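Labels run A, B, C, D, E, F and G following the written order; every chain starts at residue 1.
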Amino acid sequence: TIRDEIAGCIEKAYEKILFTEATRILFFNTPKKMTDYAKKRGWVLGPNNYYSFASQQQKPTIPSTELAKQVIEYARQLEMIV
Amino acid sequence: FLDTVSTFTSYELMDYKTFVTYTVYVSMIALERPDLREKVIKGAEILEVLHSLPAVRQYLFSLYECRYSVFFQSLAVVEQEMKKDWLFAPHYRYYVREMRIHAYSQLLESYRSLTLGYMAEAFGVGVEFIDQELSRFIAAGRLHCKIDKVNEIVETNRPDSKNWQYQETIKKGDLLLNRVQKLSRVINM
Amino acid sequence: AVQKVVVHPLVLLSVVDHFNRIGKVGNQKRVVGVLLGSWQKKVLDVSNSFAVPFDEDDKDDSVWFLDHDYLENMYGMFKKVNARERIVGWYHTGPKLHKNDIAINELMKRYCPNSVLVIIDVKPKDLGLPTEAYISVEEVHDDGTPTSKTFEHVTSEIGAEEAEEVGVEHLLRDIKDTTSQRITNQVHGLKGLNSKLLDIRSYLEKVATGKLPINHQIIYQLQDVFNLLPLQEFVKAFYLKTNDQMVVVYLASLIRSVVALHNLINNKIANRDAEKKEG
Amino acid sequence: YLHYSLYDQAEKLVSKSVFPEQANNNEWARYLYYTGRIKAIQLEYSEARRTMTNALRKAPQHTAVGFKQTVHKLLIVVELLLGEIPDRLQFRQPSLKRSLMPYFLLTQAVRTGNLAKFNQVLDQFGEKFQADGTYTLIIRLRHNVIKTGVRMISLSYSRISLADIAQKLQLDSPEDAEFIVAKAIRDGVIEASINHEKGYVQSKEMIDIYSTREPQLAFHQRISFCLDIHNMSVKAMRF
Amino acid sequence: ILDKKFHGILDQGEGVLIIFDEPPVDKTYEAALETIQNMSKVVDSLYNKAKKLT
Amino acid sequence: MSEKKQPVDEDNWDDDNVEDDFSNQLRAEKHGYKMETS
Amino acid sequence: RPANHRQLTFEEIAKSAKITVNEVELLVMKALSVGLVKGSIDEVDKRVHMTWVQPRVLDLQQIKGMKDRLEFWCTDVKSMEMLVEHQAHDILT
């Protein structure tokens, strides 16, 4: 529960880490287990370098029509009542 | 104390100059810049008499041009003064830091891409001073603005007609809404 | 050139009763008669008109019978009654047309310099508006052949020149001042939709069996006014509408919370009064 | 189940049938208070403080002398555990003052970031803390002090350093400040990341977050709540 | 700027001043203040209610 | 009412909440001595 | 191209229109004098923006295959009309 919470909390909203912050927060300098992390979570093992992705957030465009349906049932509930 | 035509001298007026003291120690706060100039500047009736106490007068004069160096000089001065003045001993704490935050409000309101260090001169050597000061002041929930240490920002922000002028709406139409709700609940249960 | 005339439903009722006439006297099918009007401007009034005793032979639509004693003669007796609503045009029933309409209107062109024929509806079943007017037109082609006179859609609308609903209103006995939006919505939608269905079927015919008017003169600019927005990527309009709905929901929120408080206060006042002060 | 050992709150978690007409209008208030103490002692901040708030504003009257007072001392323990509470003095009965001689200095220890005072209020008033009998407050109140620090200073500066806040609150090393900032991202207050060479936070505040379509998301709940109370006043006008 | 003689933002970090002001919102000001007064009126009516109750 | 277990139990007063909020900032010279520190 | 990116770059213009960067501006100001297209052409990115145009003469294959816009319009605005009415169905009233 140290290591899988590292799997969560290694770049939650970080810029980037390197080999040495892996060596600090992780332990056991390099097994095939942090290599397994880099080949198991959908990870880019950069050049002695780390990134969550190329954008880290999967890039987060219509707020109108769903709230228009909301207006439909909203006016509907304002109807039938006085 | 807006009379100034009916408190010349009386057995109630321990000193009309002390009348001026009590007046300014509430007018440098009550009087917004328009009311400031209205009563202090425009109202030259008190000036013909406050000609006798020019320290806080010139403080108020800077209180328009916003000269923060002499602001802090006279700020220390008036701080000691209130520290040694009646009916203020257990309460005078806020007035000075209030003057501080209020002046910083307009000063930042000047524009945004500005620094406290550029004003640290006006702050005296006020980098660390205002560091802890404004840290605890924004911590005191004051003066929406932006400022850094590695960047030393300044900001002009907080428009009421952005959301707050629309947030008061529910702030009250829910407070009173549920007020009358429970009030109109026990009418039946 | 006419954008609108007063389509006064009194002349509508005249048309309807004389259609009942042509139906009950026998088998004369196409109701055809003379439209009378007073040219005030490009705008006009149609409140008075009449049907002329006429017959159309099955073949050679250019068969007609316009008595001068039932028109020219009547016009003089009608001239002493009211000279305003002059001889202005005529009309025909039957949805599309027959071949004579042009010759008839051009015969009567001597009477009215801008004479009109109107495809009149004998059965109100339309999605929208009944019979419309078609004045003399010179619209031949880019080819510009000998000038065809198939009278174009000279737009107009149902003009109620005066109220006179002292009886007309007294006939409805059905409706109120609809404080209805949903009616408008369903009508508008389904009408746009069936119109577009007529469109797509017409154009499938154009591709299949349609004539040279396949893209005659505007059908492409028809598609251009369609090309007004040719997902349309209204992203400018998207954040535009974002602020618009800021306004919309500010309206909704503020106004309807006002409404809430409004009914709340006094409705509860009367409620509690009649509730506990009754016992 | 409150006065004795705590085994059968799973019974309310499996058999939640707790919804009458809420007739006596104070029974429901103190009922929500007691189950707020339940969710306070299970684990909750948000839902527990909102049902404590609803029972607080659903105090029926003050026609019964000083009975809101001890029960309110135990009510806003979770608001003390928020860390975003000022001094609570508007509630204070003057006959409650001699019993809140611990509790006044306790909310003062909430406003202060001192560590020796954080444990010296405990060393001074552990017997009244046993009169409370809630260890849940002190098992997270140190964490509340560091979250008060992170909320204040992370709302304060855009690109602060972890060393500034760290050796401003006596952390003495970069890596436990890293674990603080990391568990604060995990607890989700601010964006603040690390310019990873030896720490040295690179971060930002968040204005220009959103302000127009997002209010009108909540305005559905505003006015749908209003129309609910409309129809409730209708069904109350029925009486 | 402090006295509405000027409305906009100056600069020294960029040395580039920018002017702006678009205050008037009759919707927000008007409606919101009217609602504030409505809240006061409801506060008033609260006592009529509490009286006719008991 | 208090039908529960609980039956077991401006001069500066106005400015007092701020005072305890002022209880962490230089309560009332080092401000002015900072002038000559530089 | 019916699609968006109607803030087109000048690149296809200067490639296939046998024109240069200094003359795309004349290429569309002479078209402003013509009056069949009146773009709001970008000049910080040098992009030749597309507004309303005068489209074609005949696309008989697209007079047949305009169904993907016409019947698209018909059945989809019809269906969403039915959906708005179907969510506000029983306030027929």
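Just so it is clear, contacts are C-beta pairs under 8 Å (C-beta built on N, C-alpha and C of every residue); 3 or more make two chains touch, one makes a residue touch a chain.
For reference, the UniProt names are C = 26S proteasome non-ATPase regulatory subunit 7.
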| item | value |
| --- | --- |
| Touching chain E and also chain F, the following chains | B |
| Pair joined by the larger number of C-beta contacts - A-D, A-C | A-D |
| Rounded Å distance between chain A and chain B, as computed from the means of their C-alpha atoms | 46 |
| Distance between the centres, which are taken as Cα means, of chain F and chain D, whole angstrom | 21 |
| Distance between the centres, which are taken as Cα means, of chain G and chain C, whole angstrom | 32 |
| Sequence positions of chain B contacting 2 or more other chains | 166, 169-170, 173, 176-177, 180, 184, 187-188 |
| Where chain G touches two or more other chains at once, by residue number | 84, 88, 91 |
| Residue list for chain D, restricted to those that touch at least two other chains | 60, 213, 215-216, 222-223, 226-227, 229-230, 233, 236, 239 |
| Residues on chain E engaged by chain B in the complex (per definition of touch) | 1-3, 9-14, 17, 23, 25, 28-29, 32, 35-36, 39, 42-43, 46, 49-50, 53 |
| Chain D residues within the chain F interface of the complex | 26, 30, 60-61, 63-71, 86-87, 89, 96, 99, 108, 111-112 |
| Residue ranges of chain A touching chain G (in the complex, touch as defined) | 68-69, 72-73, 75-76, 79-80 |
| Chain B-facing residues of chain F, complex | 11-12, 14-15, 18-19, 21-22, 24-25, 27-28, 31-32, 34-35, 37-38 |
| Complex contact set, residues of chain A against chain D | 8-9, 12-18, 21, 24-25, 63, 67, 70, 74, 77-78, 81-82 |
